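Engineer:
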Amino acid sequence: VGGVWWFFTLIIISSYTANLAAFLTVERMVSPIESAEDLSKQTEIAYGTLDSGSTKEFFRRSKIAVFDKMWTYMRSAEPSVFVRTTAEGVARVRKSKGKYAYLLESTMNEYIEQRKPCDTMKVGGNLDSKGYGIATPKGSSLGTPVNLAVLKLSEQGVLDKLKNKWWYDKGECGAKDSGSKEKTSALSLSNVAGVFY
Amino acid sequence: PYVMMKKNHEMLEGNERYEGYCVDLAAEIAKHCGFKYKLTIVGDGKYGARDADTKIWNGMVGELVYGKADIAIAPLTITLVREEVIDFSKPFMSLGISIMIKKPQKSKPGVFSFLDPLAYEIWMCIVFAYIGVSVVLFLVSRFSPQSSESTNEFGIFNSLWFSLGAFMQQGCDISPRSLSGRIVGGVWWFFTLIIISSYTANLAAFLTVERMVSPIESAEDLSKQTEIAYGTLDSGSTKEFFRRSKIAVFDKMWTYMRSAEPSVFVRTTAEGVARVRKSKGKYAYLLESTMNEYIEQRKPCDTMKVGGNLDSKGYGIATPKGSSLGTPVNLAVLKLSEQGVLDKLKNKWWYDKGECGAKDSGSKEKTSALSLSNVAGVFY
Amino acid sequence: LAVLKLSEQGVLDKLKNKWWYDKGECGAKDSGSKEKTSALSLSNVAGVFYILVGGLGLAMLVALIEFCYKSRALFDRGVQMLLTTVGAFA
Amino acid sequence: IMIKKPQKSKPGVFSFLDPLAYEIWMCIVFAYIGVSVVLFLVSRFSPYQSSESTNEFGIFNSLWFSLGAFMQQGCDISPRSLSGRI
Amino acid sequence: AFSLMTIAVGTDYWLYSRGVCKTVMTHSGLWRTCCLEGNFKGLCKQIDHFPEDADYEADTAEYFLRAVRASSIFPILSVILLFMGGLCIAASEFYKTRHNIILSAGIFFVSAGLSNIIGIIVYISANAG
Ligand SMILES: NS(=O)(=O)c1cc2c(cc1Cl)N[C@H]([C@H]1C[C@H]3C=C[C@@H]1C3)NS2(=O)=O
Ligand SMILES: N[C@@H](CCC(=O)O)C(=O)O
Ligand SMILES: N[C@@H](CCC(=O)O)C(=O)O
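Protein chains in written order, with this note's numbering: chain H, 1 to 197; chain W, 1001 to 1380; chain F, 2001 to 2090; chain Z, 3001 to 3086; chain A, 4001 to 4129.
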């Protein structure tokens, strides 16, 4: 009985002290809301939209019930959830401290998160897709040379290289490219405080 | 799943003979535009790209240009060569160049996985050395020294229990007190301080990373390796992508595509899928991400996509130049895209056949706890 | 004039980057730095098994000679006083 | 200079004593002899039936306590004095 | 005990690996590496510690391991000492009352295991590579 309980102890204890200093310094990320289903199960945080926007006109034209709730939330919400520019919607999220959400396009939400102060986060998948296009008036002569020119950039990867250049060369937050690199530190008493309790 | 053979083809008739993404999308656009329609299949079974010295397209678009076919609703890549001589509507699906490789083995830890950081010759040579010590510590402590052999408490059964106590480091009841008793008691102490520590040092090594790291996921090592040949569809726009490369690693990709013996270009995608399965790391295939989605979402589930997309091309509903129907066709696609119809159609075909259905993104963090399945063995 | 004109643009350096790297690469040149873990082999821990058996033969030897000494059959207080005298000196 | 690139060398038969340098294993042995003589000195030092043999620590047992204490193994004996427990 | 050594020295299913039977699984042994599952089968050749393309020249640690492995003294020692313990335990029937002779026997048995156990360790050491 003792001889096996010894060998039981040798495996369990040595597996407990394997990576023990890591688990006292996990540094978890909470991420309270993701994945727009769980926007609708935790709807108490205040959503936000752009005035005169496609994000407005998408949710004005709501058909899916998860999408219909979040607009019928915002239209009767107090106060006016709309902001006049992107710099108004970004700043309203930053002040409210996890309490005000703003629904916005994927590339600006890519851009704001990269730029310091970098206190915001892009969670959840895209809820659709939509495109920016160079536009001419209907019947314009320039429409045909431009329409051929868009692919002709894109097949060469010129547009992708220009997309690689601009969205990466701007202000980068530290946890975007080289924030993956790790390091070690001494144990703090706030890490081991329950054992003294 | 853009066009799939329906099970009851010889029972059913007409456009009901086929069922697919485009078959559903053709029905949706014909409602909003208001035209009767009759599906066909290309006889080439191919994508229309240009002949040398002839320019006559062999594939769907060659059936579309030449007055034969009216509308081409298919996974047809909008590239510059096509759009300069046919019309496209606005795209309906977004994708890019991506890689399919086989994840080889799953290989979860077995139930005796805790014994792993020492080899099974060592555990066998530990048990031989544990018997080998404990017989020697018996033989020393029992000699001709009234009954003064009995002053040593070491019979053989106390000898097996001492060296088990010294090996598991759980203390010991008694201790040898002869000179030669303390030698064997001293050396076995020095033995067990190395071995138990070599266990706990190596078990810390298994408890951060015990998995597989992907060989070519950075996509520049995929262009690099001469063992892992890589190919794509013949007369395919993926091949037409790399014939005009301007990036240096992409400049090297086309060169091995040109200089592979024999042709790594496979006649279809489904036969190209079956080539990588036979290869087991020897060959890689290059295909579109939405074309590589449905390969993962089917059994044997051993196909997975590495990296992001290499680019961002798109598919289109194709019409001839100056085709009068194509503009309400074009107004249809922006209607279908905003009404959530296309994403719902992109939902339905690409999840409900999730027989694999795993969505195992992975608990990537190496600061992950032990599970009871990992240390189930010692309880047994 | 053409040699520098390539070289100031880094064209020659880019052509030197291209050719000497795109050829046959041995495995320990670029991605041979990456590491991994494995079980301990007995050839790694073999000396500890030697020392164990090396100690067991010794312990049986000394246990035999104390039997041959006792079955056959001593410091003096003076000679150790001389022995602590010489040892302190040296 | 080109030579035939050598094989990656296996560790020796004394690879266990590699994480501590050679200069420390000589100073671990020297600290071992240093402790066991001092532990022999403190106890068995004219206490005041016969008090000269009250403690169980001879020179030979006190070597075995220090060897036991180094190898993380418990022993039978224990110091049991204020100056000996230090 | 004396049987299972002298059998094991004179039999050659020691190791099941893949290697060359002529100079591809091996009926490999302590003296003579033999071969199974091949086109030719049943031919057993002499094993060879190799100095040709050796890569262990002027090794202190390997030159000890080459000598002990291929000239397997320790399983030979584990036979003779086990045999010598057999003669002292056979000599307890006739010329008894010596009352020392089975300790002289019994140490030879314990020694013959310490010879045998390190003969395993040198065997596992050498074939790894
Ligand atoms: N769900 S998806 O990614 O297959 C997808 C992708 C796309 C969709 C619709 C869906 Cl459902 N429509 C857009 C369309 C909206 C306007 C911008 C691009 C076209 C016209 N094209 S897209 O961005 O290529
Ligand atoms: N780029 C958007 C801005 C409005 C929005 O984000 O909804 C548009 O053109 O409509
Ligand atoms: N859908 C693609 C298939 C061939 C490829 O991926 O290159 C096309 O129309 O060109």
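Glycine included, C-beta positions come from ideal geometry on N, C-alpha and C.
(1) State the start and end residues of the unbroken alpha helix (DSSP H) segment that holds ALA91 of chain H.
(2) Counting along the chain, where does the beta strand (DSSP E) carrying residue 4130 of chain A start and finish?
(3) Could you tell me which residues DSSP pairs with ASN1058 of chain W in its beta bridges?
(4) How is the beta strand (DSSP E) around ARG4018 of chain A delimited, first residue to last?
(5) Between the Cα of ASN126 of chain H and the Cα atoms of H:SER80, H:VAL158, H:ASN109 and H:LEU24, which residue gives the shortest distance?
(6) Which of the three DSSP states is assigned to residue 949 of chain W in this structure?
(7) Is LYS1366 of chain W close to ligand 2? I mean its beta-carbon at under 7 angstroms from any heavy atom of the ligand.
(8) Might you give, ordered along the chain, the residues of its own chain that have their beta carbon closer than 7 angstroms to the beta carbon of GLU1019 of chain W, omitting 5 neighbours on each side?
(9) My output table needs one value for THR4097 of chain A: the three-state DSSP class, helix, strand or coil.
(10) Nearest by alpha-carbon distance to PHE3016 of chain Z: which of F:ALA2002, F:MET2060 and F:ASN2044 is it?
(11) Between H:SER80, H:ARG115, H:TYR132 and H:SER188, which has its C-alpha nearest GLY174 of chain H's C-alpha?
(12) Mind listing, in chain order, the continuous alpha helix (DSSP H) runs of no fewer than 4 residues lying wholly within the stretch 1210-1286 of chain W?
(13) When we look at the beta-carbon of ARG1182 of chain W and count the other beta-carbons within 10 Å, is it buried (16 or more) or exposed?
(14) Which chain A residues sit within Cβ distance under 7 angstroms of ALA2046 of chain F?
(15) Using 8 angstroms as the cut-off, can you tell me whether the stretch 1194-1213 of chain W makes contact with the stretch 1256-1270 of chain W, which would need three or more C-beta pairs spanning the two stretches below that distance?
(16) Pick out whichever of H:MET70, H:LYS95 and H:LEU50 has its Cα sitting closest to the Cα of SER40 of chain H.
(17) Taking 7 angstroms as the cut-off, does the CB of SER129 of chain H come closer than this to any heavy atom belonging to ligand 2?
(18) Do the CB positions of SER1098 of chain W and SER1218 of chain W come within less than 8 angstroms of each other?
(19) Spatial neighbours of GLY2024 of chain F within its chain, please: C-beta separation below 6 angstroms, excluding the five flanking residues on both sides.
(20) Please check if any C-beta of chain F sits within less than 8 angstroms of the C-beta of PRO3019 of chain Z.
(21) Report yes or no: is there a C-beta of chain H within less than 8 angstroms of the C-beta of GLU1153 of chain W?
(22) Could you give the C-beta distance for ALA1201 of chain W and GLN3073 of chain Z, rounded to a whole number, given that I count them as a contact under 8 angstroms?
(23) Which term fits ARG4069 of chain A, buried or exposed, when burial requires 16 or more other beta carbons within 10 angstroms of its beta carbon?
(24) Show which residues of chain Z have a CB atom less than 8 angstroms away from the CB atom of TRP1123 of chain W.
(25) Taking 7 angstroms as the cut-off, is the beta-carbon of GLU1288 of chain W closer than that to any non-hydrogen atom of ligand 4?
(26) Taking the beta strand (DSSP E) that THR1319 of chain W falls in, what are its first and last residues?
(27) Just checking, does the stretch 1234-1243 of chain W make contact with the stretch 1074-1085 of chain W on the three C-beta pairs under 8 angstroms criterion?
(28) Can you check whether the CB of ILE4121 of chain A is closer than 8 angstroms to the CB of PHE2089 of chain F?
(29) Along chain W, in chain order, which residues have C-beta atoms closer than 7 angstroms to that of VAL26 of chain H?
(30) Is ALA2046 of chain F closer than 8 angstroms to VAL1136 of chain W when the C-beta atoms are compared?
(31) Over the uninterrupted alpha helix (DSSP H) stretch that includes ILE1195 of chain W, give me the two end residues.
(32) Kindly indicate the opening and closing residues of the beta strand (DSSP E) around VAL1306 of chain W.
(33) What does the Cβ neighbour count give for residue 1382 of chain W, buried or exposed, with the cut at 16 atoms within 10 Å?
(34) For the alpha helix (DSSP H) containing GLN114 of chain H, name the first residue and the last one.
(35) Let me know if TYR168 of chain H comes out buried or exposed under the rule of 16 or more other beta-carbons within 10 Å of its beta-carbon.
Structural biologist: Concretely, from the data shown:
(1) Walking along the first sequence from the start, residue 91 of chain H turns up at place 91. Segment 86-96, the alpha helix (DSSP H) holding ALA91 of chain H.
(2) Outside the shown range of chain A, which is 4001 to 4129, sits residue 4130 of chain A, and nothing can be said about it.
(3) Here residue 1058 of chain W corresponds to residue number 58 of the second sequence, with the count starting at 1. Note: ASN1058 of chain W sits in a beta bridge opposite W:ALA1049.
(4) By one-based count along the fifth sequence, residue 4018 of chain A stands at place 18. 4015-4018 is the extent of the beta strand (DSSP E) around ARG4018 of chain A.
(5) If you number the first sequence from 1, residue 126 of chain H lands on position 126. When each option's Cα is compared against that of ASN126 of chain H, the closest is H:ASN109.
(6) Because residue 949 of chain W is not part of the residues shown, which for chain W are 1001 to 1380, the question remains open.
(7) As a working note, residue 1366 of chain W is residue 366 in the second sequence. Outside the cutoff, so no.
(8) The residue you call residue 1019 of chain W lines up with position 19 of the second sequence. Hits under 7 angstroms: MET1004 and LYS1006.
(9) Here the question's residue 4097 of chain A lines up with position 97 in the fifth sequence. In the structure shown, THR4097 of chain A sits in coil (DSSP, three-state: anything other than H, G, I, E or B).
(10) Translated into positions along the fourth sequence, residue 3016 of chain Z becomes position 16. Closest by alpha carbon: F:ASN2044.
(11) Within the first sequence, residue 174 of chain H is the residue found at index 174, counting from 1. Of the candidates H:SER80, H:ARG115, H:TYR132 and H:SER188, the one whose C-alpha sits nearest the C-alpha of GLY174 of chain H is H:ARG115.
(12) 1237-1242, 1248-1258 and 1269-1279
(13) Against the second sequence, residue 1182 of chain W aligns to sequence position 182. Buried, since its Cβ has 16 or more Cβ neighbours within 10 Å.
(14) As a first step, residue 2046 of chain F must be located in the third sequence, where it is residue number 46. Those are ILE4121 and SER4125, listed as they occur along chain A.
(15) no
(16) Reading the first sequence from its first residue, position 40 is the one you call residue 40 of chain H. Minimum Cα distance to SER40 of chain H is reached at H:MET70.
(17) Here residue 129 of chain H corresponds to residue number 129 of the first sequence, with the count starting at 1. No, Cβ of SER129 of chain H sits at least 7 angstroms from all heavy atoms of ligand 2.
(18) As a first step, residue 1098 of chain W is located in the second sequence; it is residue number 98 there, counting from the start. As a first step, residue 1218 of chain W is located in the second sequence; it is residue number 218 there, counting from the start. For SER1098 of chain W and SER1218 of chain W, no; Cβs fall outside 8 angstroms.
(19) The sequence position of residue 2024 of chain F within the third sequence is 24, counting from 1. Nothing meets the Cβ criterion.
(20) On the fourth sequence, residue 3019 of chain Z is found 19 positions in, with the first residue counted as 1. Judged by the 8 angstroms Cβ criterion, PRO3019 of chain Z is not in contact with chain F.
(21) As a working mapping, residue 1153 of chain W is identified with position 153 in the second sequence. So, not an interface residue.
(22) Looking up residue 1201 of chain W in the second sequence gives position 201. Looking up residue 3073 of chain Z in the fourth sequence gives position 73. Not a contact, Cβ separation roughly 19 angstroms.
(23) Mapped onto the fifth sequence, residue 4069 of chain A falls at position 69. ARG4069 of chain A should be labelled buried.
(24) Position 123 of the second sequence, counted from the start, is the residue given in the question as residue 1123 of chain W. Within chain Z, no residue comes near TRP1123 of chain W; the closest Cβ sits about 18 angstroms away, beyond 8 angstroms.
(25) You won't find ligand 4 in this model; what it holds is ligand 1, ligand 2 and ligand 3.
(26) Translated into positions along the second sequence, residue 1319 of chain W becomes position 319. 1313-1319 is the extent of the beta strand (DSSP E) around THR1319 of chain W.
(27) yes
(28) Against the third sequence, residue 2089 of chain F aligns to sequence position 89. Against the fifth sequence, residue 4121 of chain A aligns to sequence position 121. Cβ atoms of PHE2089 of chain F and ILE4121 of chain A: not closer than 8 angstroms.
(29) In the first sequence, residue 26 of chain H corresponds to position 26, counting from 1. Neighbours of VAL26 of chain H on chain W, chain order: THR1367.
(30) Position 136 of the second sequence, counted from the first residue, corresponds to residue 1136 of chain W. Position 46 of the third sequence, counted from the first residue, corresponds to residue 2046 of chain F. No, they are not a contact pair.
(31) Your numbering for residue 1195 of chain W matches position 195 in the second sequence. Run containing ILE1195 of chain W: 1179-1206, per the alpha helix (DSSP H) assignment.
(32) Your numbering for residue 1306 of chain W matches position 306 in the second sequence. Segment 1304-1306, the beta strand (DSSP E) holding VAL1306 of chain W.
(33) Beyond the ends of chain W as shown, which are 1001 and 1380, falls residue 1382 of chain W; an answer cannot be given.
(34) For the purposes of this step, residue 114 of chain H is taken as the residue at position 114 of the first sequence. Per DSSP, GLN114 of chain H belongs to the alpha helix (DSSP H) from 106-114.
(35) Along the first sequence, one-based indexing puts residue 168 of chain H at 168. By the neighbour-count rule (16 or more Cβ atoms within 10 Å), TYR168 of chain H is not buried but exposed.
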